[PDB]
Amino acid sequence: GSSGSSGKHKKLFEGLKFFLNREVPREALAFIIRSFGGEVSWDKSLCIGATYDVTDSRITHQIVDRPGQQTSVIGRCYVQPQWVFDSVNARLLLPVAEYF
């Protein structure tokens, strides 16, 4: 791993943990969530460079193409990959209740 500071403690996704699936585009999301100072990981098997698995309660928000078909997990709230794009543009955390 690599350590280092960025500048200040002002990020839209400060601490917030996110997750991307093989269905949704990570190349875009990842780069984004990261640039916005957010945590994002993917399936180790899918591609190397991951930290936590999809079975880590730690995960606060989970991005998926079909949040309906697949059930949810206690504490964890699944949402579409559009919830993030709409947030970054609005520089605010939109109510996942709408994208659920």
# chains A, B, ... in the order shown; residues from 1 in each chain; ligands from 1
call {"tool": "select_by_dssp", "arguments": {"residues": "chain A", "states": "alpha helix (DSSP H)", "output": "ChimeraX atom specification"}}
result
/A:26-35,82-90
call {"tool": "residues_around", "arguments": {"residues": "stretch 3-8 of chain A", "least_positions_apart": "4", "cutoff": "12 Å", "atoms": "only C-alpha atoms", "output": "VMD selection string"}}
result
chain A and resid 14 34 to 37
call {"tool": "residues_around", "arguments": {"residues": "residue A:86", "least_positions_apart": "3", "cutoff": "12 Å", "atoms": "only C-alpha atoms", "output": "MDAnalysis selection string"}}
result
chainID A and resid 29 32 80:83 89:96 98:99
call {"tool": "atom_distance", "arguments": {"atom1": "atom CA of residue A:39", "atom2": "atom CA of residue A:75"}}
result
17.5 Å
call {"tool": "closest_residue", "arguments": {"among": "A:10, A:18, A:84, A:72", "to": "residue A:42", "atoms": "only C-alpha atoms"}}
result
A:18
call {"tool": "select_by_dssp", "arguments": {"residues": "stretch 16-90 of chain A", "states": "strand (DSSP E or B)", "output": "list in words"}}
result
residues 17, 18, 19, 39, 40, 41, 61, 62, 63, 73, 76, 77, 78 and 79 of chain A
call {"tool": "write_last_selection", "arguments": {"atoms": "N, CA and C atoms", "output": "tab-separated table (two decimals), in the first residue's frame"}}
result
chain	number	residue	atom	x	y	z
A	17	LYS	N	-17.90	4.71	2.18
A	17	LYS	CA	-17.41	3.55	1.44
A	17	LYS	C	-18.39	3.17	0.33
A	18	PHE	N	-17.88	3.00	-0.88
A	18	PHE	CA	-18.71	2.63	-2.02
A	18	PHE	C	-18.23	1.32	-2.64
A	19	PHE	N	-19.08	0.72	-3.47
A	19	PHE	CA	-18.75	-0.54	-4.12
A	19	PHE	C	-19.30	-0.57	-5.55
A	39	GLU	N	-14.07	6.31	-0.92
A	39	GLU	CA	-13.58	4.94	-0.91
A	39	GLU	C	-14.38	4.07	-1.88
A	40	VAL	N	-13.67	3.32	-2.72
A	40	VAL	CA	-14.31	2.45	-3.69
A	40	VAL	C	-13.48	1.20	-3.95
A	41	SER	N	-14.13	0.05	-3.96
A	41	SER	CA	-13.45	-1.22	-4.19
A	41	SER	C	-14.26	-2.11	-5.13
A	61	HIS	N	-22.40	2.25	1.09
A	61	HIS	CA	-23.24	2.31	-0.10
A	61	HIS	C	-22.76	1.33	-1.16
A	62	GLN	N	-23.70	0.61	-1.77
A	62	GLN	CA	-23.37	-0.37	-2.80
A	62	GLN	C	-24.05	-0.01	-4.12
A	63	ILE	N	-23.25	0.13	-5.17
A	63	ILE	CA	-23.77	0.46	-6.49
A	63	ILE	C	-24.06	-0.80	-7.30
A	73	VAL	N	-28.96	-5.91	2.16
A	73	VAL	CA	-28.35	-6.46	3.36
A	73	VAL	C	-28.53	-5.51	4.55
A	76	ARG	N	-26.65	-2.22	5.03
A	76	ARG	CA	-26.20	-1.82	3.71
A	76	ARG	C	-27.38	-1.46	2.81
A	77	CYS	N	-27.24	-0.38	2.06
A	77	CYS	CA	-28.29	0.07	1.16
A	77	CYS	C	-27.80	0.11	-0.28
A	78	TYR	N	-28.41	-0.70	-1.14
A	78	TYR	CA	-28.03	-0.76	-2.54
A	78	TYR	C	-28.65	0.39	-3.33
A	79	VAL	N	-27.92	0.89	-4.32
A	79	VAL	CA	-28.41	1.98	-5.15
A	79	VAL	C	-27.82	1.91	-6.56
call {"tool": "closest_residue", "arguments": {"among": "A:51, A:1, A:57, A:65", "to": "residue A:26", "atoms": "only C-alpha atoms"}}
result
A:65
call {"tool": "closest_residue", "arguments": {"among": "A:88, A:71, A:58, A:49", "to": "residue A:11", "atoms": "only C-alpha atoms"}}
result
A:88
